[PDB]
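Next up: just one chain, as structure tokens, the form deposited in one PDB entry.
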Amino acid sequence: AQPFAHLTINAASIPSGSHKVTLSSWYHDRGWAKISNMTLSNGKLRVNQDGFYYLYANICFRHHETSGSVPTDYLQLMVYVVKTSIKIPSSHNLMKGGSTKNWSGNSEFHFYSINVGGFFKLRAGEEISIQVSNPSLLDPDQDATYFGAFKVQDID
């Protein structure tokens, strides 16, 4: 039936840096993770069926004093949903979300989630990927960090 995907983060895809990076490991076969009529290729969600899709992502970041220090008090926690063309490899942000945070001292725990959503016209061959800042602060739970898409209607 109509294409779709709901992907949960695989805790492998997370270095120990602050640099913005493409998340490359997502489950598509366990818990809430599912996919149909679309292809997952190392963090790249390829469209197989032309259409107007509703796209979305939810990203939680967290930090507990107990787990150690971090280079700085002030973080830029951002999420970018990117479209890339297998044909014309031009790459652009479909959506952006996030917040600057002062997780400064004398607080045992800090947490913050970001969500984005939107309706976009997609062509088979096009790929959707997720980039985030501070990926070492990501919350690994499946109810926490995910992204997905579902076709609403055909190209018109």
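Numbers for residues come from their place in the sequence shown, where the first is 1. Think of the rigid core as the biggest set of C-alphas that the two forms share within 1.5 Å after superposition. Only residues modelled in both forms are compared.
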### Query
Once you work out the mean C-alpha B-factor for both 142-150 and 11-19 from the entry, which is higher?
11-19
### Query
Should the higher mean CA B-factor in the entry be assigned to 107-115 or to 37-45?
37-45
### Message
Just to confirm, going by the entry's C-alpha B-factors, which of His92, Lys96, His63, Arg30 comes out highest?
### Response
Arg30
### Message
Ranking every modelled residue in this chain by its Cα temperature factor as given in the entry, which third contains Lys121?
### Response
lowest
### Message
Is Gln76 in the lowest, middle or highest third of its chain when residues are ranked by C-alpha B-factor?
### Response
lowest
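Although it is not shown, the form deposited in another entry is what the next lines describe.
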### Message
Residue runs between this form and the one not shown with every C-alpha shifted 2 Å or more, at least 3 long, rigid core fitted, in sequence order please.
### Response
12-16, 69-74, 88-90
